[PDB]
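Here's protein32.cif, which has mmCIF, C-alpha atoms:
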data_upload
loop_
_atom_site.label_atom_id
_atom_site.label_comp_id
_atom_site.auth_asym_id
_atom_site.auth_seq_id
_atom_site.Cartn_x
_atom_site.Cartn_y
_atom_site.Cartn_z
CA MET A 20 127.59 144.98 121.13
CA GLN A 21 125.95 148.24 120.05
CA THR A 22 128.17 150.98 118.64
CA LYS A 23 128.62 154.17 120.66
CA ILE A 24 127.03 156.11 117.81
CA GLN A 25 123.89 153.93 117.93
CA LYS A 26 123.65 154.35 121.71
CA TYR A 27 123.83 158.13 121.41
CA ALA A 28 120.43 158.07 119.70
CA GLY A 29 119.01 157.33 123.18
CA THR A 30 115.33 156.31 123.06
CA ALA A 31 115.58 156.64 119.24
CA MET A 32 118.14 153.83 119.14
CA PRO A 33 116.77 150.87 117.12
CA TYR A 34 116.14 147.73 119.14
CA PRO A 35 119.56 146.14 119.77
CA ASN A 36 120.74 142.88 118.25
CA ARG A 37 119.39 139.85 120.11
CA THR A 38 120.30 137.16 117.58
CA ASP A 46 118.35 125.95 130.53
CA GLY A 47 115.30 123.92 129.51
CA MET A 48 113.13 125.80 132.00
CA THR A 49 109.69 126.15 130.36
CA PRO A 50 107.36 128.90 131.62
CA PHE A 51 103.60 128.52 132.03
CA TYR A 52 102.75 132.19 131.51
CA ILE A 53 104.31 135.30 130.03
CA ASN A 54 103.33 138.84 131.07
CA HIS A 55 104.47 141.45 128.54
CA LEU A 56 104.73 145.16 127.86
CA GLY A 57 106.40 146.42 124.71
CA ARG A 58 106.95 149.80 123.13
CA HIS A 59 106.01 150.02 119.42
CA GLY A 60 108.89 149.24 117.03
CA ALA A 61 111.08 151.75 115.13
CA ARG A 62 108.95 154.62 113.83
CA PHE A 63 109.07 157.77 111.73
CA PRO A 64 109.44 161.13 113.48
CA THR A 65 106.19 162.26 115.03
CA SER A 66 106.68 165.99 114.34
CA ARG A 67 107.95 168.13 111.48
CA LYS A 68 108.99 170.87 113.89
CA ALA A 69 112.71 170.02 113.94
CA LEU A 70 112.86 169.52 110.17
CA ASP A 71 111.00 172.79 109.50
CA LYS A 72 113.40 174.66 111.81
CA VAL A 73 116.49 173.31 110.06
CA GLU A 74 115.02 173.98 106.64
CA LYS A 75 114.08 177.54 107.62
CA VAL A 76 117.56 178.46 108.87
CA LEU A 77 119.18 177.05 105.69
CA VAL A 78 116.73 178.69 103.31
CA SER A 79 117.30 182.04 104.99
CA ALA A 80 121.06 181.62 104.67
CA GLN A 81 120.68 180.57 101.01
CA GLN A 82 118.76 183.78 100.28
CA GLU A 83 121.55 185.80 101.85
CA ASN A 84 124.40 183.80 100.27
CA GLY A 85 125.34 182.42 103.67
CA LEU A 86 125.69 178.71 102.90
CA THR A 87 128.90 176.74 102.53
CA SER A 88 128.89 173.96 99.94
CA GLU A 89 128.15 171.42 102.67
CA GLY A 90 125.27 173.65 103.77
CA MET A 91 123.85 173.66 100.27
CA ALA A 92 124.18 169.87 100.24
CA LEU A 93 122.48 169.66 103.62
CA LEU A 94 119.66 171.87 102.41
CA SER A 95 119.09 169.62 99.41
CA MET A 96 119.04 166.55 101.67
CA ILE A 97 116.64 168.28 104.08
CA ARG A 98 114.19 168.99 101.25
CA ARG A 99 114.37 165.29 100.30
CA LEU A 100 113.53 164.16 103.84
CA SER A 101 110.62 166.57 103.88
CA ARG A 102 109.27 164.81 100.79
CA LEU A 103 109.95 161.34 102.17
CA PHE A 104 108.44 162.09 105.60
CA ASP A 105 105.32 163.67 104.07
CA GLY A 106 102.18 161.82 105.12
CA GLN A 107 104.29 159.34 107.07
CA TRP A 108 104.63 161.11 110.43
CA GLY A 109 104.60 158.78 113.41
CA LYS A 110 104.09 155.58 111.43
CA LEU A 111 105.69 152.24 112.27
CA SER A 112 108.47 151.63 109.75
CA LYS A 113 109.41 148.37 108.03
CA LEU A 114 112.28 148.14 110.52
CA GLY A 115 109.80 148.40 113.38
CA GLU A 116 107.69 145.59 111.96
CA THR A 117 110.80 143.42 111.70
CA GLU A 118 111.83 144.30 115.26
CA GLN A 119 108.48 142.92 116.50
CA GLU A 120 108.81 139.82 114.34
CA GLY A 121 112.20 139.15 115.89
CA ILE A 122 110.94 139.60 119.45
CA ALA A 123 107.90 137.38 118.79
CA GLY A 124 110.05 134.88 116.94
CA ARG A 125 112.66 134.51 119.65
CA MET A 126 109.88 134.11 122.21
CA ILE A 127 108.14 131.28 120.36
CA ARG A 128 111.49 129.66 119.63
CA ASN A 129 112.58 129.93 123.26
CA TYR A 130 109.34 128.54 124.68
CA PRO A 131 107.51 126.56 122.00
CA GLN A 132 105.54 124.42 124.45
CA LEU A 133 103.95 127.53 125.95
CA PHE A 134 102.47 128.46 122.56
CA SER A 135 101.69 124.92 121.48
CA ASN A 136 98.37 123.42 120.49
CA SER A 137 95.40 125.64 121.29
CA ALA A 138 97.19 128.01 123.66
CA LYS A 139 95.36 131.29 124.28
CA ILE A 140 96.90 134.71 124.09
CA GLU A 141 95.54 138.21 124.55
CA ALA A 142 97.03 141.44 123.21
CA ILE A 143 96.12 145.06 123.81
CA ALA A 144 97.39 148.32 122.41
CA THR A 145 96.80 152.05 122.77
CA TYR A 146 94.77 153.99 120.15
CA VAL A 147 98.02 155.14 118.51
CA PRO A 148 98.39 153.48 115.07
CA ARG A 149 102.11 152.64 115.45
CA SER A 150 101.31 150.71 118.64
CA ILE A 151 98.39 148.88 117.00
CA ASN A 152 100.53 148.12 113.96
CA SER A 153 103.28 146.85 116.29
CA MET A 154 100.79 144.53 118.00
CA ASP A 155 99.74 143.22 114.57
CA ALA A 156 103.31 142.61 113.38
CA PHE A 157 103.84 140.67 116.62
CA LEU A 158 100.54 138.71 116.46
CA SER A 159 101.00 137.86 112.76
CA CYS A 160 104.29 136.17 113.61
CA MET A 161 102.72 134.15 116.46
CA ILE A 162 99.85 133.04 114.24
CA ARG A 163 102.14 132.13 111.36
CA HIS A 164 104.10 129.90 113.72
CA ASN A 165 101.00 128.32 115.27
CA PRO A 166 97.69 129.08 113.53
CA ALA A 167 95.84 127.06 116.18
CA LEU A 168 96.47 129.76 118.81
CA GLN A 169 93.34 131.46 120.20
CA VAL A 170 93.83 135.19 120.07
CA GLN A 171 92.01 138.11 121.63
CA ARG A 172 93.03 141.44 120.10
CA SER A 173 91.81 144.80 121.35
CA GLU A 174 92.94 148.40 121.53
CA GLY A 175 91.91 151.99 122.21
CA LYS A 176 91.28 154.69 124.79
CA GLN A 177 89.68 152.18 127.15
CA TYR A 178 93.29 151.28 128.01
CA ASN A 179 94.43 154.84 128.70
CA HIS A 180 94.37 154.21 132.45
CA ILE A 181 97.03 151.49 132.22
CA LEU A 182 98.90 152.33 128.99
CA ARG A 183 98.71 156.14 128.85
CA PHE A 184 98.64 157.11 132.54
CA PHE A 185 101.11 159.88 131.65
CA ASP A 186 98.26 161.75 129.94
CA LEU A 187 95.74 161.25 132.76
CA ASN A 188 97.51 162.64 135.84
CA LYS A 189 97.07 166.41 136.00
CA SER A 190 99.98 167.08 138.34
CA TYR A 191 102.32 165.03 136.16
CA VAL A 192 101.13 166.76 133.00
CA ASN A 193 101.88 170.11 134.62
CA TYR A 194 105.30 168.86 135.75
CA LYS A 195 106.11 167.57 132.29
CA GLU A 196 105.03 170.87 130.72
CA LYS A 197 106.54 173.36 133.16
CA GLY A 198 108.05 171.63 136.18
CA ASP A 199 111.30 172.47 137.90
CA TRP A 200 113.29 170.05 135.72
CA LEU A 201 113.05 172.49 132.80
CA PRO A 202 115.57 175.12 133.93
CA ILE A 203 117.99 172.36 134.91
CA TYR A 204 117.73 170.80 131.44
CA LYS A 205 118.13 174.17 129.69
CA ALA A 206 121.28 174.99 131.66
CA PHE A 207 122.70 171.54 130.99
CA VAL A 208 122.23 172.00 127.22
CA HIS A 209 123.87 175.43 127.41
CA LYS A 210 126.81 173.76 129.15
CA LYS A 211 127.17 170.69 126.92
CA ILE A 212 126.32 171.88 123.42
CA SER A 213 128.63 174.20 121.46
CA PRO A 214 126.81 175.19 118.24
CA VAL A 215 129.51 177.23 116.47
CA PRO A 216 131.86 174.40 115.37
CA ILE A 217 128.84 172.52 114.05
CA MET A 218 127.22 175.38 112.18
CA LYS A 219 130.60 176.42 110.76
CA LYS A 220 130.35 173.28 108.62
CA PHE A 221 127.19 174.57 106.95
CA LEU A 222 127.00 178.33 107.30
CA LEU A 223 129.29 181.28 106.62
CA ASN A 224 129.73 183.64 109.57
CA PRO A 225 128.24 181.19 112.07
CA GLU A 226 129.46 183.53 114.88
CA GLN A 227 126.84 186.03 113.71
CA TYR A 228 124.10 183.78 115.11
CA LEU A 229 122.67 184.46 118.55
CA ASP A 230 123.48 181.62 120.96
CA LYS A 231 119.76 180.76 121.32
CA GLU A 232 118.98 180.53 117.60
CA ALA A 233 122.28 178.65 117.07
CA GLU A 234 121.45 176.19 119.86
CA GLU A 235 117.91 175.64 118.58
CA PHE A 236 119.20 175.00 115.06
CA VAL A 237 121.80 172.47 116.22
CA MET A 238 119.37 170.70 118.54
CA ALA A 239 116.81 170.42 115.73
CA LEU A 240 119.53 169.02 113.46
CA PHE A 241 120.55 166.35 115.98
CA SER A 242 116.86 165.38 116.26
CA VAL A 243 116.58 164.93 112.50
CA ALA A 244 119.77 162.87 112.37
CA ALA A 245 118.86 160.75 115.38
CA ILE A 246 115.52 159.45 113.99
CA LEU A 247 116.71 158.56 110.48
CA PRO A 248 118.00 155.06 111.30
CA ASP A 249 114.44 154.19 112.48
CA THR A 250 112.74 154.99 109.17
CA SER A 251 114.07 152.26 106.82
CA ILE A 252 115.09 155.08 104.47
CA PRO A 253 118.53 154.38 102.98
CA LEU A 254 120.06 157.71 104.10
CA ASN A 255 122.28 158.49 107.06
CA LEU A 256 123.30 161.78 108.67
CA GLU A 257 125.46 160.55 111.56
CA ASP A 258 128.51 162.25 110.06
CA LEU A 259 127.04 165.73 110.37
CA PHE A 260 128.52 165.64 113.90
CA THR A 261 131.67 164.32 115.55
CA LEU A 262 131.47 161.38 117.96
CA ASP A 263 132.09 163.72 120.91
CA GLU A 264 129.30 166.05 119.74
CA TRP A 265 126.93 163.05 119.61
CA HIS A 266 128.10 162.03 123.08
CA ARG A 267 127.24 165.46 124.47
CA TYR A 268 123.88 165.56 122.71
CA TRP A 269 123.07 162.13 124.09
CA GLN A 270 123.91 163.31 127.63
CA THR A 271 121.46 166.20 127.41
CA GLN A 272 118.58 164.09 126.06
CA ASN A 273 119.30 161.33 128.51
CA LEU A 274 119.00 163.90 131.32
CA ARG A 275 115.73 165.19 129.82
CA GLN A 276 114.30 161.65 129.80
CA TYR A 277 115.52 160.87 133.36
CA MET A 278 114.16 164.10 134.80
CA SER A 279 110.85 164.34 132.96
CA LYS A 280 109.91 160.64 132.96
CA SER A 281 111.89 158.83 135.65
CA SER A 282 113.32 158.87 139.20
CA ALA A 283 115.15 162.24 139.24
CA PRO A 284 115.05 163.89 142.69
CA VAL A 285 113.66 167.02 141.03
CA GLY A 286 110.61 164.95 140.04
CA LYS A 287 110.07 163.57 143.57
CA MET A 288 109.09 160.20 142.03
CA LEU A 289 105.93 161.76 140.59
CA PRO A 290 106.88 160.66 137.03
CA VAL A 291 107.38 157.10 138.34
CA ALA A 292 104.43 156.80 140.70
CA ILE A 293 101.88 157.44 137.91
CA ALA A 294 102.63 153.95 136.51
CA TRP A 295 101.15 152.01 139.44
CA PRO A 296 97.91 151.08 137.65
CA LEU A 297 99.97 149.17 135.08
CA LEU A 298 101.98 147.40 137.77
CA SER A 299 98.70 146.55 139.50
CA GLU A 300 97.32 145.18 136.22
CA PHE A 301 100.43 143.02 135.68
CA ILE A 302 100.04 141.46 139.12
CA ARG A 303 96.30 140.93 138.70
CA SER A 304 96.63 139.14 135.35
CA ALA A 305 99.41 136.92 136.69
CA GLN A 306 97.38 136.09 139.84
CA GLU A 307 94.34 135.16 137.73
CA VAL A 308 96.38 132.72 135.64
CA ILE A 309 98.11 131.29 138.67
CA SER A 310 94.80 130.59 140.41
CA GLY A 311 93.18 129.21 137.26
CA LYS A 312 90.52 131.91 137.06
CA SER A 313 92.02 132.77 133.69
CA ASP A 314 93.76 130.30 131.41
CA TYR A 315 95.72 132.66 129.19
CA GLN A 316 99.25 131.56 128.31
CA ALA A 317 100.37 135.15 127.68
CA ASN A 318 99.21 138.74 127.96
CA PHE A 319 100.83 141.19 125.56
CA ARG A 320 100.55 145.00 125.76
CA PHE A 321 101.77 147.51 123.19
CA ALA A 322 102.37 151.12 124.05
CA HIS A 323 105.05 153.77 124.43
CA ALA A 324 108.41 154.87 125.81
CA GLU A 325 106.35 157.01 128.19
CA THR A 326 104.72 153.81 129.40
CA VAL A 327 107.89 151.72 129.64
CA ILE A 328 110.28 154.12 131.36
CA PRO A 329 108.26 154.81 134.55
CA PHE A 330 106.99 151.21 134.59
CA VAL A 331 110.56 149.92 134.66
CA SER A 332 111.54 152.40 137.37
CA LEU A 333 108.46 151.53 139.46
CA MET A 334 109.40 147.85 139.28
CA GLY A 335 112.75 148.86 140.76
CA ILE A 336 114.71 146.92 138.15
CA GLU A 337 118.51 147.24 138.37
CA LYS A 338 119.29 150.89 138.98
CA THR A 339 116.52 152.30 136.77
CA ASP A 340 115.02 153.98 139.84
CA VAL A 341 118.27 155.53 141.06
CA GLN A 342 117.85 159.05 142.46
CA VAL A 343 120.91 161.06 141.44
CA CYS A 344 121.29 164.57 142.85
CA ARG A 345 123.99 165.75 140.45
CA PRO A 346 122.77 166.32 136.84
CA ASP A 347 126.22 165.73 135.42
CA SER A 348 126.43 162.33 137.17
CA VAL A 349 123.14 160.99 135.76
CA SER A 350 124.62 159.53 132.55
CA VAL A 351 127.04 157.40 134.58
CA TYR A 352 124.22 155.74 136.49
CA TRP A 353 121.12 155.84 134.24
CA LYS A 354 121.06 155.22 130.50
CA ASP A 355 117.95 155.70 128.38
CA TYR A 356 119.12 153.49 125.50
CA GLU A 357 119.45 150.55 127.92
CA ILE A 358 115.92 151.07 129.16
CA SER A 359 113.78 152.31 126.29
CA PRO A 360 115.20 151.86 122.79
CA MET A 361 112.68 151.40 119.96
CA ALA A 362 110.67 148.20 120.62
CA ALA A 363 111.74 148.25 124.28
CA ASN A 364 109.97 145.48 126.16
CA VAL A 365 109.54 143.87 129.58
CA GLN A 366 108.64 140.22 129.97
CA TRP A 367 107.79 138.39 133.17
CA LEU A 368 108.21 134.65 132.69
CA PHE A 369 106.45 132.49 135.27
CA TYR A 370 107.55 128.96 136.18
CA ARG A 371 106.26 126.21 138.45
CA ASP A 372 108.80 123.78 139.93
CA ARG A 373 108.32 120.13 140.97
CA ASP A 374 107.12 121.27 144.39
CA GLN A 375 104.55 123.51 142.66
CA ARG A 376 106.37 126.64 143.87
CA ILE A 377 106.02 129.61 141.51
CA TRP A 378 109.11 131.48 140.27
CA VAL A 379 109.37 134.55 138.04
CA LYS A 380 112.14 135.78 135.69
CA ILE A 381 112.11 139.42 134.55
CA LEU A 382 113.56 140.27 131.15
CA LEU A 383 114.28 143.82 130.11
CA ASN A 384 114.89 143.93 126.37
CA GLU A 385 115.27 140.15 126.54
CA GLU A 386 118.05 140.15 129.15
CA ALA A 387 117.54 138.92 132.71
CA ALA A 388 117.01 141.85 135.07
CA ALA A 389 117.80 142.14 138.79
CA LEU A 390 115.45 143.19 141.59
CA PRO A 391 116.67 144.51 144.99
CA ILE A 392 115.49 141.33 146.70
CA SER A 393 117.38 138.13 147.37
CA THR A 394 117.31 134.84 145.53
CA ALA A 395 119.34 131.64 145.77
CA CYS A 396 118.92 131.02 142.03
CA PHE A 397 119.31 134.27 140.07
CA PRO A 398 117.74 135.18 137.62
CA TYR A 399 114.71 133.35 139.09
CA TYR A 400 112.86 135.11 141.91
CA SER A 401 110.21 133.76 144.26
CA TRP A 402 106.84 135.03 143.03
CA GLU A 403 105.59 135.46 146.60
CA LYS A 404 108.56 137.69 147.49
CA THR A 405 108.30 139.51 144.19
CA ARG A 406 104.58 140.23 144.46
CA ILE A 407 104.99 141.46 148.02
CA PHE A 408 107.80 143.74 146.84
CA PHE A 409 105.76 145.08 143.90
CA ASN A 410 102.74 145.66 146.16
CA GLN A 411 104.98 147.82 148.35
CA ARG A 412 106.08 149.82 145.30
CA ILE A 413 102.44 150.38 144.42
CA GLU A 414 101.63 151.48 147.96
CA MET A 415 104.57 153.91 147.92
CA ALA A 416 103.35 155.18 144.53
CA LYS A 417 99.87 155.91 145.80
CA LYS A 418 101.44 157.73 148.75
CA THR A 419 103.51 159.84 146.37
CA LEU A 420 100.50 160.75 144.27
CA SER A 421 98.50 161.69 147.38
CA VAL A 422 101.02 164.46 148.06
CA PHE A 423 101.02 165.95 144.55
CA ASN A 424 97.26 165.57 144.03
#

Just give me the structure as C-alpha cells.
Amino acid sequence: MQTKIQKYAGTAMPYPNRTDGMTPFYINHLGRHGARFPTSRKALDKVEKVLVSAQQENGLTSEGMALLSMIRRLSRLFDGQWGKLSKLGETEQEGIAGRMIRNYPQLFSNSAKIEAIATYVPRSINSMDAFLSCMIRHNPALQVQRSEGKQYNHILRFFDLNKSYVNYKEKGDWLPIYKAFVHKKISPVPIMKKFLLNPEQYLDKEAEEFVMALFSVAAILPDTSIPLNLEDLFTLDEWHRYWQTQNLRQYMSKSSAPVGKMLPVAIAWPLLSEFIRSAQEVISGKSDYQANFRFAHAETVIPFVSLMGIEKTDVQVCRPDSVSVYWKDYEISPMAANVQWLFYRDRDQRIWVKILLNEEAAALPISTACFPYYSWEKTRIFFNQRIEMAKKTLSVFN
C-alpha cells in the first residue's frame, strides 16, 4: 500500500498507513519514537558547501541555484530543531495508541494500570507522551506510571553499552563492504549534472559524498511536517539504488549479516529478557499491569526484532547484492516502528501470544495449529534459547 518512493526512504519512511473478538489480558510493547527531524546538520552543510563553492565559481545550473536557495531555507527551518519529534510523529503515536484502545477497549477499561518507559532522548520521551496523552484522553481513569532516563540504558540503549559492538559499528569489517557497494550502485555524474556545470570535473569521492548527502537531506524531509518535498531531485531508479545501499548498511551494522557474526543482534538479549520477565510477572499475578510500553530507537528495534527471530528478519545472507531481496529495513523499522505482544487466556486457562510487527501479525519459526496465535510456553522456551545463544555469541566477542 506504500509507494515505492516512500519505501526507498528506508528507516526514514514515515509509519505506514494502518487505517475476531479475541480480547487480550496484557500487552507488551516496544516502539521507536515517531517521525523526527534530522539529527545532524552534516549532510545539509556538505550540500550547501558544494553549491556555494560552485556559485562563487559560476558553476551552477539554474536548477542548482534553485537547489541552493531551497537548501538555505531548510537550514533556517531546521535551526534549533535537530532531532525533535515532529507533528507527524506525534500523530503517528496517537494513531498507534488509538487503534490499540479501539481494538481492545476492555483491556484499558475502568481502572486498568499501564506503565511506560523511555530513553533519555527527548524525541522518545515526547513520543511516550503523545502516546500516553491519547490513552488518558480515551480513559482518564487509567493508572499510569511514567518514567524515563539513563537507568534504562541497559535494556533500551544496549547498542551504546557493549564495547565490542561499538567498535564493530565504528570500524568493523562491514565498512569496506558497504563502501564498495555504494561505489557500485551510485553514479553521481547524472545527478550532479542537473545542478552543476562540468560535473565530470569532480573527483569520484567528492561527487559521491555530495550525492549521498543530498539523498539524506531528501529522505528525511517527509518526516518533518514541513510542506516541502525533494523526491524529484532523483529518478525512481536512483532512489532504488540509494535505498539498496542504506538497507545494506542497516543490515550489516545493526542486524544478522554474516559479517557481523550475530554480534549486532546478540546485544539485544537484555530487552528480550525484560519482555519475558514482565509478561511472566503479569501471568503469575505478581504484577497486575495491563500493559507495558517502552519508547526508544531504530537501534533498539532492529536487533530486538532479529533476536526474536520474527519472519526472516534474522536471515544471514552471504551475498551483499542479495540482501535487499530477503531483508527490508522499511518493513522492520520505519518511523514509529513498534512490536506488540498480545497475551490471551482461553477457556481452559491456556495462555496464547500474538506478535505484531508494525501492527501486522508476525510469524515465528515454531509451529501452531491456530496462526497467528502461538503457545506462550513454546514461545517462551524458544525466546529463552535465543537469549542463551545471544549470551554465547557475546562471550566470544567479549

Using the chain letters and numbers from this file, what does the PyMOL selection byres ((chain A and resi 127) around 12) select? Give the answer as a PDB file with C-alpha atoms, in the coordinates of the input.
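Contents of result36.pdb, as written:
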ATOM      1  CA  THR A  49     109.690 126.150 130.360  1.00  0.00           C
ATOM      2  CA  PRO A  50     107.360 128.900 131.620  1.00  0.00           C
ATOM      3  CA  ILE A  53     104.310 135.300 130.030  1.00  0.00           C
ATOM      4  CA  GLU A 120     108.810 139.820 114.340  1.00  0.00           C
ATOM      5  CA  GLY A 121     112.200 139.150 115.890  1.00  0.00           C
ATOM      6  CA  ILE A 122     110.940 139.600 119.450  1.00  0.00           C
ATOM      7  CA  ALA A 123     107.900 137.380 118.790  1.00  0.00           C
ATOM      8  CA  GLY A 124     110.050 134.880 116.940  1.00  0.00           C
ATOM      9  CA  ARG A 125     112.660 134.510 119.650  1.00  0.00           C
ATOM     10  CA  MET A 126     109.880 134.110 122.210  1.00  0.00           C
ATOM     11  CA  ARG A 128     111.490 129.660 119.630  1.00  0.00           C
ATOM     12  CA  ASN A 129     112.580 129.930 123.260  1.00  0.00           C
ATOM     13  CA  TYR A 130     109.340 128.540 124.680  1.00  0.00           C
ATOM     14  CA  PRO A 131     107.510 126.560 122.000  1.00  0.00           C
ATOM     15  CA  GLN A 132     105.540 124.420 124.450  1.00  0.00           C
ATOM     16  CA  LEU A 133     103.950 127.530 125.950  1.00  0.00           C
ATOM     17  CA  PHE A 134     102.470 128.460 122.560  1.00  0.00           C
ATOM     18  CA  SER A 135     101.690 124.920 121.480  1.00  0.00           C
ATOM     19  CA  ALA A 138      97.190 128.010 123.660  1.00  0.00           C
ATOM     20  CA  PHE A 157     103.840 140.670 116.620  1.00  0.00           C
ATOM     21  CA  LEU A 158     100.540 138.710 116.460  1.00  0.00           C
ATOM     22  CA  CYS A 160     104.290 136.170 113.610  1.00  0.00           C
ATOM     23  CA  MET A 161     102.720 134.150 116.460  1.00  0.00           C
ATOM     24  CA  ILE A 162      99.850 133.040 114.240  1.00  0.00           C
ATOM     25  CA  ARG A 163     102.140 132.130 111.360  1.00  0.00           C
ATOM     26  CA  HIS A 164     104.100 129.900 113.720  1.00  0.00           C
ATOM     27  CA  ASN A 165     101.000 128.320 115.270  1.00  0.00           C
ATOM     28  CA  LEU A 168      96.470 129.760 118.810  1.00  0.00           C
ATOM     29  CA  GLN A 316      99.250 131.560 128.310  1.00  0.00           C
ATOM     30  CA  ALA A 317     100.370 135.150 127.680  1.00  0.00           C
TER      31      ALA A 317
END

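Atom to atom, CA of residue 275 (chain A) and CA of residue 323 (chain A) stand 16.5 Å apart.
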
message: Between CA of residue 267 (chain A) and CA of residue 288 (chain A), what is the distance in Å, rounded to a tenth?
response: 25.8 Å

message: List the spatial neighbours of region 395-407 of chain A as a PyMOL selection string - criterion: any atom at most 8 Å away, only C-alpha atoms, same-chain residues fewer than 3 positions off excluded.
response: chain A and resi 302+377-381+387-389+392+410-411

message: Report, in Å with one decimal, the straight-line distance from CA of residue 69 (chain A) to CA of residue 241 (chain A).
response: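 Value for the CA of residue 69 (chain A)-CA of residue 241 (chain A) distance: 8.9 Å.
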
- request: For residue 106 (chain A), list every protein, DNA or RNA residue within 12 Å, evaluated using all atoms listed in the file, and leave out those in the same chain fewer than 5 positions away; present the list as a PyMOL selection string.
  value: chain A and resi 63-67+100-101

- request: Please provide as an MDAnalysis selection string all residues within 8 Å of region 318-322 of chain A, with the sequence filter that same-chain residues fewer than 4 positions apart are discarded (counting only C-alpha atoms).
  value: chainID A and resid 53:59 140:145 150:151 153:154 182:183 304 326:327

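With all atoms listed in the file as the basis for measurement, A:35 is the residue among A:329, A:148, A:47, A:35 that approaches residue 118 (chain A) most closely.
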
message: Considering all atoms listed in the file, can you say which of A:222, A:245, A:254, A:294 comes closest to residue 186 (chain A)?
response: A:294

Near residue 309 (chain A), counting all atoms listed in the file, which residues have an atom at most 10 Å away, once you skip same-chain residues fewer than 3 positions from it, shown as a PDB file with C-alpha atoms, in the coordinates of the input?
ATOM      1  CA  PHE A  51     103.600 128.520 132.030  1.00  0.00           C
ATOM      2  CA  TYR A  52     102.750 132.190 131.510  1.00  0.00           C
ATOM      3  CA  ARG A 303      96.300 140.930 138.700  1.00  0.00           C
ATOM      4  CA  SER A 304      96.630 139.140 135.350  1.00  0.00           C
ATOM      5  CA  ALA A 305      99.410 136.920 136.690  1.00  0.00           C
ATOM      6  CA  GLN A 306      97.380 136.090 139.840  1.00  0.00           C
ATOM      7  CA  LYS A 312      90.520 131.910 137.060  1.00  0.00           C
ATOM      8  CA  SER A 313      92.020 132.770 133.690  1.00  0.00           C
ATOM      9  CA  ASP A 314      93.760 130.300 131.410  1.00  0.00           C
ATOM     10  CA  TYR A 315      95.720 132.660 129.190  1.00  0.00           C
ATOM     11  CA  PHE A 369     106.450 132.490 135.270  1.00  0.00           C
ATOM     12  CA  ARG A 371     106.260 126.210 138.450  1.00  0.00           C
ATOM     13  CA  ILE A 377     106.020 129.610 141.510  1.00  0.00           C
TER      14      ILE A 377
END

message: Just checking: using all atoms listed in the file, which residue out of A:285, A:167, A:136, A:217 ends up closest to residue 194 (chain A)?
response: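 Using all atoms listed in the file, residue 194 (chain A) sits closest to A:285.
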
- prompt: So, counting only C-alpha atoms, which residue among A:298, A:70, A:103, A:422 is closest to residue 250 (chain A)?
  reply: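 Result for the nearest residue to residue 250 (chain A): A:103.
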
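Across A:265, A:184, A:27, A:34, the tightest approach to residue 211 (chain A) is made by A:265 when counting all atoms listed in the file.
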
Using only the atoms of region 347-352 of chain A listed in the file, plus 6 Å on each side, state the axis-aligned box centre and edge lengths in Å rounded to one decimal, as AutoDock Vina command-line options.
--center_x 125.1 --center_y 160.7 --center_z 134.9 --size_x 15.9 --size_y 22.0 --size_z 16.6

message: Using all atoms listed in the file, can you tell me which of A:286, A:358, A:96, A:394 comes closest to residue 197 (chain A)?
response: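 Looking at the shortest contact to residue 197 (chain A), the residue is A:286.
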